[PDB]
Every structure is written in C-alpha cells, then in structure tokens.
K.L.:
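Have a look at the structure that comes next, please.
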Amino acid sequence: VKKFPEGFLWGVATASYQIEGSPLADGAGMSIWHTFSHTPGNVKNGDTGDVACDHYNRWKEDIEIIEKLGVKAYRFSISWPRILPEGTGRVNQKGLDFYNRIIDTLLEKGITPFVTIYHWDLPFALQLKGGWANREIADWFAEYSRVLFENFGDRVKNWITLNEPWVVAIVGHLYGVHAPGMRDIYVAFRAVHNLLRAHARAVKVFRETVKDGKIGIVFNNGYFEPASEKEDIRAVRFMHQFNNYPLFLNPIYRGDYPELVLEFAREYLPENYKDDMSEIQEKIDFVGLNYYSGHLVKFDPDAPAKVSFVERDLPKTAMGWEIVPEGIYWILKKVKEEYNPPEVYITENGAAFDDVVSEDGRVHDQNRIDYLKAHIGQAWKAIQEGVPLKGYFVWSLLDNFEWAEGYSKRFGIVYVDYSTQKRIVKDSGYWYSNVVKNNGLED
Ligand SMILES: OC[C@H]1NC[C@H](O)[C@@H](O)[C@@H]1O
C-alpha cells in the first residue's frame, strides 16, 4: 500500500480551447488558436476548436462526472478573449457568467477550483500588437489578471499565472508549430522574458486583491539522460536548464537565467534584460510541474542547439513518447534540491493511447492504468523523501483537441464520442476514482 498525506489533492485537468468549443459565442473575441487552426496546414486533418467537447454547453454534465468520480480538485483555464474580447478595455459580462456558473457548481459539490489564467488562447487583438513579443504584454496581462481576481477571487483561492511558458515561447515563436506560428529565435527569447515579467506583474496584483489566496506557475518537464558516459552529460545539463523549470525558476528565485541558457542565448535576449530581474523575483506560493516523458540526449555538432534526441527501445504512448516513470521522481527531487519551493503540485500527468469502445460498451485502457499507476507510485516515493508535494492532477478529464495533433490524440480518463458528444468513463477513470477514495495505491 502507498498512502498519501491527509488532505492531499487528487485532481483532473483541462484547458478552455481544448474542450469548450463555441469560441465566438456570446460576444467572445477571436483567439490566436482560432485563427491558427483556421489556417490550412497548421493542424492535423484541419481540426479546430469550433466544437471540441462542446463543454461550453455540457459543462454541468462534465462537472457531475468529476463529482461522481469523487475527484477533489479541478484544474481548468479561462479564455482571455471570452473575458476581454479586445484583450484589454471592455469586459464581456457573458464570459464572466460562464466561468461564474462553473465556479459556483464546483464549490456546491465540494470540488476545489484551480484556475489557469493563461493556457495559450491569447486574444487575437493582442497578437496584432505583437502578443508575447511586446513588452506591453506585462501591462495587458496585469489588467486581465486583475479582472479575474476581482470577479472570482472571493471563491477561487488557487491560481496559476501561466501554463508551460517554454512551450508558449519556443514552440509558438521558434518552432512555429503552435500559435501564433512564428520562427524567429530573437522573438522567442523576448517572449520568454515577457512571460516572466507578465507572470511577476500578475502575482503583484494578486497580493493587492486576493489577500487570502495562493498563486503559482506551471512548467513542462522532461527527464533527460545522456547517451554515453562522455560532453553528453553537459548536453543533458543544457536541456534541463532550457526545457525544464530552471529557465523560469532561476530568474524567479536567483535573479538571472541559468548559466547554460545564457551561454547559448544571451545574444537573443533583450539588451538590458537584467534590469527586469528584481521585479521578476516576486514571491510565489507554489510550483506546478507537468510531466509526461523521458529522452536520451547526445551532443551533436550539427544540431540547432548542439543537441539531438536518440530513440530508445522502450514502451511509447500514441504520441511516440517514451514511458519513463522514474522521471517524475527525478524532477520532484531535483526541484527541491535546486530551488526548494514551499509547495509543489503535479499539475499534469497522463498519456495518449488508441482507445476504442468495445462491444461491451466500455473502454479497456489498461495501458493508461499502468502508466498512471507507475507515475503515482514514483510521486509517492518523493513525498517519503521530503518533497512538499501537495497534489496530483491527471491530464485529462476528457479526450479533447490536442493542439496541432487535433482530435487524433486521446488523453482523457473519460472517452468522448465526437459524433454524438456522448461521454464514456474509461477503465482508467474508474481506477483513478478508487485511488482518490483510498487516498493512494494498493497493489
Ligand atoms: O500534450 C499533452 C498536454 N501537455 C501540455 C499542455 O498543457 C496540454 O494543453 C496538453 O494537452
């Protein structure tokens, strides 16, 4: 048996653009994911978020599923352009109404809301003014955060500024695979910097408006290992510093970017970037870490960053991501060791597999159970060695729009039949329900 501390928060997680559909309903402005997915060639099968899971209409039913499952926390995001259609200025009362109903329902049923302020659906109107590339986004984001705090902060007490800002910056503005679809290394590092400043400004407003709450920030993380005992160890050191929480937590805790990031990227950061560092050090209450995968890494003289991945013969998910459960232990231990934050949450962990509804009307995703079980086990371990892990969130409640992969990748513990919008709880969902009831594993 592996029992978790009393009060440990078992959660599920979603994001606004991935589940809601109806992106232009009730006076909402367009987002960058609306225009990105409506551009031919950007998303698999030309999928968009126009309908998605239709959560915009079926929100009550989805929450009832969370209730029925006994899950104690729900992490969801708010669509910035539903709230401020032009990004700043005018507030759309109908957008506030939609999240107000979700918030009140959750509290009625005793589910704890964890609100992600920004999960990638920037208002299109702000992208026209440069989006994350524009220093002024620190103001725009502050104003948006303030609206949320004032309207919801009486009831919501756990807040996340940014979801995966490395992805936002690098995959959105260097790789061009996500909105707004740009390929410019200098823009991508200005986005990194501005994301930090916007985060710090939001936290500052939070101290003024929600005096009894807690606020953090969420990072993607990979478990990187060297291909050989050789400068292979250093390329792993680079990937951890660049791709993992240190890119943002070295600034927040120590007032500068990590060493190896500066050696690679100093030419691409703003000239006097150090002038912003003391404001960036605004105290946070928790660190959220997402974790999915491990990667074997080698120095490579001819790669963009002097680094390439090498495929390993390990079990992979439908994403082709290698399943390495000890990565979640490693990253929890390392975060304590490097920055010692007062609280940590696993804000996302999960997997995509080729789910099908059997003749018996059930989704037998034993592979997802194996995945979840192995990772929850490893997180248990870190708790026993003193990591202040206060919660764990399965990505995702529902199969949903998986960004540039569209509907073809299913992460849910609940199946969605997109032709009817019927929800079918998967075996993994029933399994997790039992984990939550028992506050841990038992076999
Ligand atoms: O790729 C899986 C999952 N990981 C990271 C993102 O936060 C989420 O939106 C995405 O669907």
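Indexing begins at 1, ligand by ligand and atom by atom, following the structure's order. Numbering starts at 1 and runs along the sequence shown.
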K.L.:
Got a donor-acceptor contact below 3.5 angstrom from the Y99 side chain to the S79 backbone?
P.N.:
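The answer is yes, because a donor-acceptor pair under 3.5 Å joins these two groups.
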
K.L.:
Using the ring of each side chain (for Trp, its six-membered ring), is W321 parallel, tilted or perpendicular to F411, with breaks at 30° and 60°?
P.N.:
tilted

K.L.:
In this structure, which one of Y407, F36, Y418, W120 forms a ring-ring contact (aromatic ring centres under 6.0 Å, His included) with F401?
P.N.:
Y407

K.L.:
Checking the side chain of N221 only, and the main-chain atoms of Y245 only, is there a donor and an acceptor separated by less than 3.5 Å?
P.N.:
yes

K.L.:
Anything with a heavy atom under 4.0 Å from ligand 1 counts, so go ahead and list those protein residues by chain and number.
P.N.:
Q18, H119, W120, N163, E164, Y292, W321, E348, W395, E402, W403, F411

K.L.:
Determine whether the side chains of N400 and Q18 contain a donor N or O and an acceptor N or O closer than 3.5 Å.
P.N.:
yes

K.L.:
Which residue pairs satisfy the side chain to side chain donor-acceptor pair (under 3.5 Å) criterion with at least one member in residues 24-35, sequence neighbours excluded?
P.N.:
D26-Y56

